[PDB]
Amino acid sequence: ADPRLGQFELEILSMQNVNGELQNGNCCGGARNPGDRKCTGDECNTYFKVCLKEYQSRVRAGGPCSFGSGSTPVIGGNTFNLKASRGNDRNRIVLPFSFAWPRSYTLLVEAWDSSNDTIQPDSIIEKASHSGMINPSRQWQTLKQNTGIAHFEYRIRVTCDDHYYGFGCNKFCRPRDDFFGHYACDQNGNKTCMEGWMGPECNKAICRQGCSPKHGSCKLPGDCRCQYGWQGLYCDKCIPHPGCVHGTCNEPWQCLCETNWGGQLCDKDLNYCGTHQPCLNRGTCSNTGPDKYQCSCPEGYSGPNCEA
C-alpha cells in the first residue's frame, strides 16, 4: 500500500526560553528565586507535537488532526537554535497525504516539557496555531510564534512526490522512451517531446529532412521509407520498370528511353551505326533495325562490312 501524492513538511528551527517555564508560569522542574522570581533548576526537556488538519475559519479546541499528526523527541533544553544543523531529522516531521492537496490548511505546533518521572504527565510550554494557504514548492516558509514568554520558530513546505505536479500534487507525468512515446516532463508536468519526435504523445517520428511528404514515411526519426515504386534519399524518385536499361521515368514502372534507344526496355540501339562504326572501307551505314545495321559498300567491295 502506502500511496501518496506528496507530503507536508515541518522542521523546528529554534526555541527560546530564558526563564524555563511552562505556559502555567511555573518552572520546568525548578524552584523560584526568592528575589527577581528567577527559575533555578534543570531546564525544560523540549519536544514538539504537530497537528495538521483541514483549514478552519474558526480554530476548534477539539477535533481530529485530519491531515495527520506527529511529534519530535526531546531536541533541546530551554533555548536552542537548529537552523544550522545539517543532516539531523529529529527536528523534522513529515505528514504524507493521499488526497489532492486542498491548499487551505490549519496547523498546530506545541512545545512540551518531558516529564521527569514515570508518574507525572508532561506539561505544555507553548502552543501555536496557524491557518493559511500553501502551494507545493521546494522553498520553505518560516513561521514564528513570539506572543508568549517562550518563543519558537519553524518552517514548512509541501512537496509533491515524483511524477506529481500542480497545486494539488494531482497532475501526473511520467517520462517514457518506448513504443508508446518519447518524452520528458517539465516543471509543470507538461510533456516535452524527445528530439526527433512530435505529436501530443511524442510518438510520431520526425522524418529525414526533405523526405517526400507524399511518397515517404518514417517509423524512426531521421529516416525516409518510400512507398512502392519510389526510391532515393527523399523517396521522391520513381523506380523505372525492372529491366529498363536506358530509360527513365516520371511515375513508377515507366521506361522512357534516352536518345537513340528503343524497345519497351530501352535496350535496343537505334543508332548501331554511329555506335559501333561497323562498315569498313568507307562503306556507309544504315540503322535498318534496332540492334541491326546494313552497309552500302563502295564499288568492288562486298559483304555486310564491305570487305572486298
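Start at 1 with the first residue shown and count on from there.
Return whichever of 252 to 260 and 22 to 30 has the greater mean Cα B factor according to the PDB record. In the deposited entry, the stretch with the higher C-alpha B-factor mean is 22 to 30.
Hey, which bit's got the bigger mean C-alpha B factor in the entry, 172 to 180 or 146 to 154? That would be 146 to 154.
Of the options 240, 63, 274, 68, which has the highest CA B factor as deposited? Among 240, 63, 274, 68, the highest C-alpha B-factor in the entry belongs to 274.
Maximum C-alpha temperature factor, selected from 210, 189, 77, 136: Max CA B-factor in the entry, restricted to 210, 189, 77, 136: 210.
Quick check for you: using the entry's CA B-factors within this chain, is residue 50 in the lowest, middle or highest third? According to the entry, residue 50 has a C-alpha B-factor in the chain's lowest third.
Residue 12 - Cα temperature factor, lowest/middle/highest third of chain: Lowest third, going by the recorded CA B-factors of the chain.
Comparing residue 117 with the other modelled residues of its chain, is its CA B-factor in the lowest, middle or highest third? For residue 117, whose C-alpha B-factor we compare with every modelled residue in the chain, the answer is the highest third.
Report the third (lowest, middle or highest) to which the CA temperature factor of residue 87 belongs, ranking only the modelled residues of the same chain. Residue 87: CA B-factor falls in the highest third of its chain.
Looking at the temperature factor on the CA atom of residue 214, which third of the chain's modelled residues does it land in? According to the entry, residue 214 has a C-alpha B-factor in the chain's highest third.
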